[PDB]
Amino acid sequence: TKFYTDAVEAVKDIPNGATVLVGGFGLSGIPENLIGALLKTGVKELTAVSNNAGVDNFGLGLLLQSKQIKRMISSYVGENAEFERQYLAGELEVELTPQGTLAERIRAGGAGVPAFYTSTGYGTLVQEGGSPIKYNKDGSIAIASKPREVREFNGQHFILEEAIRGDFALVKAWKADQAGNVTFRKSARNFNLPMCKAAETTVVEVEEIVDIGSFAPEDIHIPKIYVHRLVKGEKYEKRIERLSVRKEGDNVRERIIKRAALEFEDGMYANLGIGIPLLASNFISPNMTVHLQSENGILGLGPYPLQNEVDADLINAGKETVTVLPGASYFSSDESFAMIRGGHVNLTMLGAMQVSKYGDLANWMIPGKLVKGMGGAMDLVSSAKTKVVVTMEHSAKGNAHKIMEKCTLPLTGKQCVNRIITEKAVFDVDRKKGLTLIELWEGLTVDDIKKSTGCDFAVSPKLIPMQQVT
């Protein structure tokens, strides 16, 4: 490992046009000093492999604002108006990549695996192609993503994804010893770890350079062999995107929140989406133990931090400062998604704009109105073994159906939803039997459900009035 004292010296040789892996998830784990240096070198036209787009004035956002980036390979790019201006204006190329796929392709890139198969994105634009990479002002797609090869394995459909390997990786890490061994802090690891093994030249900025021996050899996140250039970052602002602090909705939403709260079981491993699902976790019995997995690489999310617990290195997938409970673990983004795709999470519960009779889900894109990427959603619904539960208002305004024979909006996955909870009904979803109404909100009739549902459903002989967590 070569050590530098000046951030600019370590990145001075990044070529214009370089593919640079930029660590970070939201504003967490971002190499702000290496980004600052690229600001000073002015290296142009980069292909930034970065999970998110930081925000307007931080992280990748700073390089977007100075227009140093030509292409983003990311999973979620909301909260950056300049990014959205560039993307919508057609000034920026963006490959919306399933977070888990991004993590795994990066890993493959450092592990000598040219390509591998995954269930994520099967039956969506990722597999089908057509995801907009570069737009024209007019709203039409200039560059469309290409399909991924589909292949059958053990009766299921997977798609071939290829390794991502950068010219440089700008890695934000916590510490490095003088040998070049590196470790990451809390959820700040996310993509930094796998990115550090997947570039011709990896550049790591650390908050601290420490002596050799500082680390237990078993606990070196990234072995010195992967660390080519190491610099101690000069300035750390550690911006916090969404300060969510706790101190010591309407009835429709309240009702969905209260029924979803009933999906939790003890010892359950669950991943909860932003909004209602996370809120439903608020109604988990103190008697029940539910381990919340955060795709940004956390197992054991806790409630929002008290003012004194606020930590820019610890945020949930919703990018809110969080805490973790006892016995929690942090892992890289690639491990997180191996855990998710492998079906290790028992329950995944998320919002949706549409759900189909047999489990298709649509919750990441609204052609022309909502194009911020799918984050980890396609990976979350990719495993047959994980029970996926959708929580959403039953119908759209003017009673337009959200539950239908088939979704009209871009799919997050196919035959992946196992249950839907609305304020009027609870349906079990089976890829073979279809929709089965198993709960009906009191006051409403099966007929009321029929005129607010766009497909038919079996009515379970065990159909009960809709429950609410107490």
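For every residue, the number given is its place in the sequence shown, counted from 1.
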property: Unresolved deposited residues in the interval that joins residue 248 and residue 249; result: 10 or more
property: 144-152 or 319-327, whichever carries the higher mean Cα B-factor; result: 144-152
property: Stretch with the greater mean C-alpha B-factor as recorded in the entry, comparing 176-184 against 95-103; result: 176-184
property: Highest recorded Cα temperature factor - choice among 239, 224, 341, 229; result: 239
property: Out of 262, 290, 171, 111, highest CA B-factor residue; result: 290
property: Ranked against its chain, the third holding the CA B-factor of residue 132; result: highest
property: Chain thirds of CA B-factor: placement of residue 305; result: middle
property: Modelled-residue ranking by C-alpha temperature factor, third containing residue 277; result: middle
property: Residue 459 by Cα B-factor - lowest, middle or highest third of the modelled chain; result: highest
property: Chain-wide C-alpha B factor ranking for residue 10, given as lowest, middle or highest third; result: middle
